[PDB]
Amino acid sequence: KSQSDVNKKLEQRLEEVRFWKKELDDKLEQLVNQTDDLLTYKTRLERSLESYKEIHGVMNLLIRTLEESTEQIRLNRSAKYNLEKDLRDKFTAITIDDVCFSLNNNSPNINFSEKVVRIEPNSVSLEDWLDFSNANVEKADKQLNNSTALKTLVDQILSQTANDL
Amino acid sequence: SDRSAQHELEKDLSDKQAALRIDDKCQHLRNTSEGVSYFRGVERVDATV
Amino acid sequence: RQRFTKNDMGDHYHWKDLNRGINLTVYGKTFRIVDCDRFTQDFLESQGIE
Amino acid sequence: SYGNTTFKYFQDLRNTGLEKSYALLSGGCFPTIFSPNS
Amino acid sequence: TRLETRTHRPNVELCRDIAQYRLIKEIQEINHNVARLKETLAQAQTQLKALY
């Protein structure tokens with residue numbers, strides 16, 4: 001009976017971690033697409049900047065807009081790096097725990113432990129774990145909102161100035 | 001002889017499940033991924049039986 | 001030890017403006033950055049700069 | 001915050017109106033702002 | 001093996017959770033049953049002595 005129960009709780013952990021990693025993957029790929037689009041808009045901007053050498057306010061305004069664009073993309077891929085490290089460590093955990101699952105009463109290379117029967121410092125609890133994951137994910141989502149708004153914004157400003165001239 | 005068979009099938013199963021682990025991670029990639037790298041060269045590379 | 005005057009108005013080089021292989025003028029003399037070290041790499045990429 | 005950065009651009013919307021107004025007749029009196037610089 | 005191998009999670013990937021709890025309980029019961037069994041063996045061999 002005891003052996004079977006251990007089996008069960010192992011599969012429980014497997015499944016839950018898998019679900020969370022899939023969530024992570026989805027959000028990261030969405031952010032990747034958005035960063036691509038923002039960089040394209042940066043290109044369009046600098047094109048217009050160099051074109052207008054051929055009134056003066058627009059030059060300063062467009063330089064400053066490029067500045068805020070730089071700050072935005074900055075924030076975006078900072079968040080991207082955070083999410084990526086989280087993802088890699090989650091997978092690192094999952095593969096090892098599955099390896100631990102695979103074992104049976106006859107697999108080889110089975111031995112004794114020496115001293116593990118205690119609780120080590122630098123350990124955490126379930127709700128803290130969940131809050132860590134949740135915080136990182138929601139930060140990424142806020143950044144996505146950032147990117148969408150600024151895309152719309154840049155399109156508005158460019159069309160406005162173009163029609164003005 | 002029983003013990004002999006046990007050891008043989010055991011090592012077979014171990015290497016094989018490791019192989020499945022590998023190919024799981026092999027599939028577990030998707031366009032615009034993280035592990036991407038500008039390695040070069042290893043296209044005309046093989047030593048297989 | 002002091003702050004370095006980027007432009008006329010009195011701005012400071014706020015480190016958000018430093019990548020590899022860029023130049024900069026400081027009280028006249030102008031310099032060119034070459035490369036960096038482990039901890040700088042990690043911290044700057046954690047901030048996100050390519 | 002992000003809301004406040006969007007708000008920074010909201011001041012920039014007032015400023016875009018301000019530079020467009022600065023691109024009006026001379027009789028219309030308007031000042032410079034912090035946006036121009038070196 | 002299981003409790004030893006589940007000790008190499010880098011950074012915050014350790015949960016001290018219900019699986020750990022019950023695995024510890026399983027260790028407890030193993031030791032306790034082994035003690036009872038050895039005691040019973042002792043009684044058995046002593047009374048066999050008596051039979052002889």
# chains A, B, ... in the order shown; residues from 1 in each chain; ligands from 1
>>> interface_residues(of="chain C", to="chain D", cutoff="12 Å", atoms="only C-alpha atoms", output="compact mmCIF listing (two decimals) with C-alpha atoms, in the first residue's frame")
# COMPACT_ATOMS: atom_id res chain seq x y z
CA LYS C 6 27.39 63.87 -20.94
CA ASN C 7 25.91 66.98 -22.61
CA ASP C 8 25.71 70.74 -22.08
CA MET C 9 22.63 70.95 -19.86
CA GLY C 10 24.23 68.92 -17.07
CA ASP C 11 23.02 65.39 -17.74
>>> interface_residues(of="chain A", to="chain B", cutoff="9 Å", atoms="only C-alpha atoms", output="MDAnalysis selection string")
chainID A and resid 29 32 84 88 95 106:108
>>> closest_atom_pairs(of="chain A", to="chain D", cutoff="12 Å", atoms="only C-alpha atoms", output="Markdown table")
| residue | atom | partner | partner_atom | distance |
| --- | --- | --- | --- | --- |
| A:55 | CA | D:23 | CA | 7.8 |
| A:56 | CA | D:23 | CA | 9.6 |
| A:57 | CA | D:19 | CA | 6.7 |
| A:58 | CA | D:19 | CA | 8.4 |
| A:59 | CA | D:36 | CA | 9.7 |
| A:60 | CA | D:36 | CA | 6.3 |
| A:61 | CA | D:35 | CA | 7.6 |
| A:62 | CA | D:16 | CA | 10.8 |
| A:63 | CA | D:36 | CA | 10.3 |
| A:64 | CA | D:35 | CA | 8.0 |
| A:65 | CA | D:9 | CA | 9.3 |
| A:68 | CA | D:9 | CA | 9.1 |
| A:69 | CA | D:9 | CA | 11.3 |
| A:71 | CA | D:5 | CA | 10.4 |
| A:72 | CA | D:5 | CA | 9.6 |
| A:75 | CA | D:2 | CA | 10.5 |
| A:76 | CA | D:2 | CA | 12.0 |
| A:139 | CA | D:2 | CA | 11.2 |
| A:142 | CA | D:2 | CA | 8.4 |
| A:143 | CA | D:2 | CA | 8.7 |
| A:144 | CA | D:2 | CA | 11.2 |
| A:145 | CA | D:2 | CA | 9.2 |
| A:146 | CA | D:2 | CA | 7.1 |
| A:147 | CA | D:2 | CA | 10.6 |
| A:148 | CA | D:6 | CA | 11.6 |
| A:149 | CA | D:6 | CA | 8.3 |
| A:150 | CA | D:6 | CA | 8.4 |
| A:152 | CA | D:6 | CA | 11.8 |
| A:153 | CA | D:9 | CA | 8.9 |
| A:154 | CA | D:9 | CA | 10.8 |
| A:156 | CA | D:13 | CA | 10.7 |
| A:157 | CA | D:16 | CA | 8.8 |
| A:158 | CA | D:16 | CA | 11.6 |
| A:160 | CA | D:16 | CA | 9.8 |
| A:161 | CA | D:20 | CA | 9.4 |
| A:164 | CA | D:20 | CA | 8.7 |
| A:165 | CA | D:20 | CA | 10.9 |
>>> write_last_selection(atoms="N, CA and C atoms", output="mmCIF file, in the first residue's frame")
data_model
loop_
_atom_site.group_PDB
_atom_site.id
_atom_site.type_symbol
_atom_site.label_atom_id
_atom_site.label_comp_id
_atom_site.auth_asym_id
_atom_site.auth_seq_id
_atom_site.Cartn_x
_atom_site.Cartn_y
_atom_site.Cartn_z
ATOM 1 N N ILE A 55 9.121 74.447 -39.251
ATOM 2 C CA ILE A 55 9.401 73.082 -39.677
ATOM 3 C C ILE A 55 10.141 72.307 -38.593
ATOM 4 N N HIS A 56 11.075 72.992 -37.927
ATOM 5 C CA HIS A 56 12.127 72.311 -37.175
ATOM 6 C C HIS A 56 11.593 71.449 -36.037
ATOM 7 N N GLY A 57 10.382 71.724 -35.551
ATOM 8 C CA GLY A 57 9.909 71.049 -34.349
ATOM 9 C C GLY A 57 9.905 69.539 -34.483
ATOM 10 N N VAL A 58 9.531 69.048 -35.665
ATOM 11 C CA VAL A 58 9.367 67.615 -35.861
ATOM 12 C C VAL A 58 10.663 66.867 -35.594
ATOM 13 N N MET A 59 11.814 67.488 -35.855
ATOM 14 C CA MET A 59 13.076 66.788 -35.646
ATOM 15 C C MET A 59 13.252 66.422 -34.178
ATOM 16 N N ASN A 60 13.133 67.419 -33.300
ATOM 17 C CA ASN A 60 13.262 67.171 -31.870
ATOM 18 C C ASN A 60 12.186 66.213 -31.380
ATOM 19 N N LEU A 61 10.947 66.394 -31.853
ATOM 20 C CA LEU A 61 9.867 65.527 -31.391
ATOM 21 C C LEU A 61 10.132 64.071 -31.750
ATOM 22 N N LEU A 62 10.590 63.818 -32.975
ATOM 23 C CA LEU A 62 10.820 62.445 -33.400
ATOM 24 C C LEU A 62 12.027 61.833 -32.699
ATOM 25 N N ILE A 63 13.076 62.621 -32.455
ATOM 26 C CA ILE A 63 14.190 62.101 -31.663
ATOM 27 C C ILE A 63 13.699 61.657 -30.288
ATOM 28 N N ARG A 64 12.902 62.502 -29.632
ATOM 29 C CA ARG A 64 12.447 62.161 -28.289
ATOM 30 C C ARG A 64 11.555 60.925 -28.308
ATOM 31 N N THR A 65 10.692 60.814 -29.321
ATOM 32 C CA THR A 65 9.853 59.625 -29.430
ATOM 33 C C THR A 65 10.701 58.373 -29.575
ATOM 34 N N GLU A 68 11.800 57.370 -26.054
ATOM 35 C CA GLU A 68 10.840 56.596 -25.266
ATOM 36 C C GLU A 68 10.637 55.199 -25.838
ATOM 37 N N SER A 69 10.704 55.053 -27.161
ATOM 38 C CA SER A 69 10.637 53.721 -27.750
ATOM 39 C C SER A 69 11.768 52.841 -27.235
ATOM 40 N N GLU A 71 13.322 53.082 -24.377
ATOM 41 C CA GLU A 71 13.044 52.697 -22.995
ATOM 42 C C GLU A 71 12.012 51.569 -22.931
ATOM 43 N N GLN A 72 10.976 51.651 -23.765
ATOM 44 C CA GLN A 72 9.945 50.618 -23.751
ATOM 45 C C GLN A 72 10.521 49.255 -24.117
ATOM 46 N N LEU A 75 12.494 47.677 -21.305
ATOM 47 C CA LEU A 75 11.698 46.976 -20.300
ATOM 48 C C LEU A 75 11.213 45.628 -20.820
ATOM 49 N N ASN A 76 10.774 45.596 -22.081
ATOM 50 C CA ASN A 76 10.185 44.373 -22.618
ATOM 51 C C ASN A 76 11.167 43.210 -22.551
ATOM 52 N N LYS A 139 3.735 40.300 -14.383
ATOM 53 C CA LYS A 139 4.623 41.351 -14.870
ATOM 54 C C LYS A 139 4.786 41.268 -16.382
ATOM 55 N N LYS A 142 1.725 42.734 -18.019
ATOM 56 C CA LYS A 142 1.748 44.190 -17.998
ATOM 57 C C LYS A 142 2.628 44.727 -19.122
ATOM 58 N N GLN A 143 3.794 44.106 -19.323
ATOM 59 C CA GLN A 143 4.680 44.547 -20.400
ATOM 60 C C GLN A 143 4.019 44.392 -21.769
ATOM 61 N N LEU A 144 3.245 43.323 -21.954
ATOM 62 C CA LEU A 144 2.527 43.165 -23.217
ATOM 63 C C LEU A 144 1.568 44.327 -23.451
ATOM 64 N N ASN A 145 0.829 44.707 -22.408
ATOM 65 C CA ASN A 145 -0.032 45.883 -22.514
ATOM 66 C C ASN A 145 0.770 47.104 -22.950
ATOM 67 N N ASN A 146 1.927 47.303 -22.311
ATOM 68 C CA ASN A 146 2.848 48.372 -22.683
ATOM 69 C C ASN A 146 3.046 48.407 -24.190
ATOM 70 N N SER A 147 3.473 47.266 -24.727
ATOM 71 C CA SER A 147 3.849 47.199 -26.132
ATOM 72 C C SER A 147 2.672 47.533 -27.036
ATOM 73 N N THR A 148 1.492 46.988 -26.728
ATOM 74 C CA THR A 148 0.334 47.252 -27.581
ATOM 75 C C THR A 148 0.029 48.743 -27.646
ATOM 76 N N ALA A 149 -0.054 49.381 -26.475
ATOM 77 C CA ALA A 149 -0.392 50.797 -26.468
ATOM 78 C C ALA A 149 0.623 51.602 -27.261
ATOM 79 N N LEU A 150 1.916 51.339 -27.054
ATOM 80 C CA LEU A 150 2.894 52.171 -27.746
ATOM 81 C C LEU A 150 2.900 51.927 -29.249
ATOM 82 N N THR A 152 0.167 51.396 -31.097
ATOM 83 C CA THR A 152 -0.902 52.273 -31.567
ATOM 84 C C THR A 152 -0.439 53.719 -31.563
ATOM 85 N N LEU A 153 0.277 54.089 -30.510
ATOM 86 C CA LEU A 153 0.687 55.466 -30.316
ATOM 87 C C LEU A 153 1.597 55.940 -31.442
ATOM 88 N N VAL A 154 2.614 55.141 -31.759
ATOM 89 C CA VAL A 154 3.561 55.515 -32.803
ATOM 90 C C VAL A 154 2.848 55.659 -34.139
ATOM 91 N N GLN A 156 -0.237 56.534 -34.651
ATOM 92 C CA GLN A 156 -0.963 57.799 -34.607
ATOM 93 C C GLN A 156 -0.044 58.979 -34.876
ATOM 94 N N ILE A 157 1.093 59.030 -34.182
ATOM 95 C CA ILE A 157 1.939 60.214 -34.284
ATOM 96 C C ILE A 157 2.483 60.360 -35.699
ATOM 97 N N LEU A 158 2.883 59.247 -36.318
ATOM 98 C CA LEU A 158 3.447 59.336 -37.659
ATOM 99 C C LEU A 158 2.407 59.805 -38.659
ATOM 100 N N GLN A 160 -0.270 61.540 -38.086
ATOM 101 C CA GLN A 160 -0.595 62.931 -37.803
ATOM 102 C C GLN A 160 0.421 63.873 -38.425
ATOM 103 N N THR A 161 1.709 63.648 -38.152
ATOM 104 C CA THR A 161 2.724 64.551 -38.687
ATOM 105 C C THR A 161 2.726 64.538 -40.209
ATOM 106 N N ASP A 164 0.032 66.621 -41.405
ATOM 107 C CA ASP A 164 0.329 68.018 -41.105
ATOM 108 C C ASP A 164 1.177 68.644 -42.202
ATOM 109 N N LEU A 165 2.236 67.960 -42.618
ATOM 110 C CA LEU A 165 3.039 68.500 -43.710
ATOM 111 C C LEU A 165 2.310 68.372 -45.043
#
>>> select_by_dssp(residues="chain D", states="alpha helix (DSSP H)", output="PyMOL selection string")
chain D and resi 2-22
>>> write_last_selection(atoms="C-alpha atoms", output="JSON list (two decimals), in the first residue's frame")
[["chain", "number", "residue", "atom", "x", "y", "z"],
["D", 2, "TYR", "CA", 3.36, 52.30, -16.80],
["D", 3, "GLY", "CA", 0.14, 54.24, -16.33],
["D", 4, "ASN", "CA", 2.32, 57.24, -15.55],
["D", 5, "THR", "CA", 4.47, 56.64, -18.65],
["D", 6, "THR", "CA", 1.35, 56.60, -20.78],
["D", 7, "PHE", "CA", 0.52, 59.78, -18.88],
["D", 8, "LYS", "CA", 3.95, 61.14, -19.79],
["D", 9, "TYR", "CA", 2.88, 60.65, -23.36],
["D", 10, "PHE", "CA", -0.42, 62.33, -22.47],
["D", 11, "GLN", "CA", 1.60, 65.39, -21.60],
["D", 12, "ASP", "CA", 3.31, 64.63, -24.90],
["D", 13, "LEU", "CA", -0.13, 64.80, -26.55],
["D", 14, "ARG", "CA", -0.64, 68.21, -25.03],
["D", 15, "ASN", "CA", 2.91, 68.90, -26.25],
["D", 16, "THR", "CA", 2.14, 67.75, -29.78],
["D", 17, "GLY", "CA", -0.77, 70.13, -29.69],
["D", 18, "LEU", "CA", 1.70, 72.64, -28.25],
["D", 19, "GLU", "CA", 4.20, 72.28, -31.09],
["D", 20, "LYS", "CA", 1.41, 72.35, -33.66],
["D", 21, "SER", "CA", 0.19, 75.55, -32.00],
["D", 22, "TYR", "CA", 3.80, 76.74, -31.95]]
>>> atom_distance(atom1="atom CA of residue A:132", atom2="atom CA of residue A:86")
9.9 Å
>>> interface_residues(of="chain A", to="chain E", cutoff="10 Å", atoms="only C-alpha atoms", output="number ranges by chain")
A: 2-3, 5-10, 12-13, 86, 89-90, 92-94, 96-97, 99-101, 103, 109-120, 122-129, 132
